[PDB]
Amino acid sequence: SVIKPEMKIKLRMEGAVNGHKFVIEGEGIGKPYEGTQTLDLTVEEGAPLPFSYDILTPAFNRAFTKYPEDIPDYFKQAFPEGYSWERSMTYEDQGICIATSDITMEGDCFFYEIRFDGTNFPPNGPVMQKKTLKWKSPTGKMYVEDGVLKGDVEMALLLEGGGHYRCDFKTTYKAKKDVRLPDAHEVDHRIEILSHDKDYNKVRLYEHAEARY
């Protein structure tokens, strides 16, 4: 036992979107082996957020993924000292976000230190107009090539009025120690805001994730 049936989460995210600074804190709990988790998030600085909250949610830990019994689990074998990631998110209209998270453990809890920066979002597009509804749920790729563990995902936000808005995600993952690396595989997942207040100062956020050969 080092990753428990349930693992608390505490995080802190600091960043700037189109110049607009913010800080968000979270606390939650999930089931690393069943690939489920729930966070309650608070906008501690920078309220009211004037951009879509949806662009932040995938930056709020692949340790919460159900991995089968012969795909090596990079993330869980990364603890106790843990791992980091660096990710770029390139939208179709030309807003870019870059994010980093340093993930550690202490007792029954994961801790994340998150930097999130975004720019070149059009002041009149769906992010800066809050016309996004939720993320579609595609399967992303995991593969090691070199650098080491890398992940890609073609993402899309559904929009008010019926449309969609695409984002290309790329992540490289670094573990703090040497760990058994997996063969190439996939990861299904679905993230959703279960509840929130008016400008999303308070948000409850759920993901369910599983790996697949």
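Just so we're on the same page, rigid core means the largest C-alpha set that superposes within 1.5 Å between forms. Throughout, we count residues from 1 along the sequence that is shown.
Across the superposed structures in 4 other deposited structures of this protein, aligned by the core, the stretch whose Cα atoms lie more distant on average is 139-147, chosen from 139-147 and 107-115. With 202-210 and 1-9 as candidates, the stretch whose CA atoms show the greater average offset from this form in 4 other deposited structures of this protein after a core fit is 1-9. In this entry, no coordinate-free residues of the deposited sequence separate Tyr67 from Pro68.
Stretches compared: 51-59, 27-35. Higher mean C-alpha B-factor in the entry: 27-35. Sort the chain's modelled residues by C-alpha temperature factor and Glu106 lands in the highest third, per the entry. Compared with the other modelled residues of the chain, the Cα B-factor recorded for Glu6 ranks in the highest third. Sort the chain's modelled residues by C-alpha temperature factor and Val43 lands in the highest third, per the entry. Among the modelled residues of the chain, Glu186 sits in the middle third by CA temperature factor in this PDB entry. Among all modelled residues in its chain, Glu113 ranks in the middle third by Cα B-factor.
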